[PDB]
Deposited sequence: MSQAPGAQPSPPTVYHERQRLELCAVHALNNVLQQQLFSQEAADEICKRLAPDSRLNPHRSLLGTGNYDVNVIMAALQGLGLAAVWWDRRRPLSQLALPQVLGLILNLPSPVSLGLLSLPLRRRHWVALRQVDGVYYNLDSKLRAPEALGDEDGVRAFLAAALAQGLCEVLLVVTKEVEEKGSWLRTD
């Protein structure tokens, strides 16, 4: 007699993080799967996210955890896609400014969590990085990527 174990369906966090950072229901599981084909379930890697943004003329810059957060020119960034641990297991999370207020748009939240201005989200990132196992991706336009104007 083996062990019966029902599991939850995947969270699709990569799709929700893409859509939340763009403030629009643009991507789906079908779009993610289609992208994952040409690069060779529901646990999409950072290659899929990069390719998804690239198809829209955008780009994901990988933030060097060694740099001080003061060197991050947040106003030049469309939004942030984080990779945080989930008590291993990891999940993707979007951080995004709307009308000057930054929000933690974690798809596991019931409502967006307001972080405040650049200082507030900078403290959030510093607290997320100090916890360990946190990767910060910058969602920027192709122009901002070429110029490196995400780096202050």
{"query": "Parts of the chain sequence, as deposited, that carry no C-alpha coordinates in this structure", "finding": "1-11, 52-64, 112-121, 187-188"}
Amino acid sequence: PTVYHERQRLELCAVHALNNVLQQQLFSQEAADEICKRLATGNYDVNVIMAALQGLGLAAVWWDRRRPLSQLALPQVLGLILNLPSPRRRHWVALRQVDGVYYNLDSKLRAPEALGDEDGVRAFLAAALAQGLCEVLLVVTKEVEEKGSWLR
From here on, numbers count along this sequence of modelled residues.
| item | value |
| --- | --- |
| Between 127-135 and 11-19 (mean CA B-factor, as deposited), the higher | 127-135 |
| Residue stretch of maximal mean CA temperature factor, 96-104 vs 55-63 | 96-104 |
| Highest recorded Cα temperature factor - choice among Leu84, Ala40, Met50, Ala32 | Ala40 |
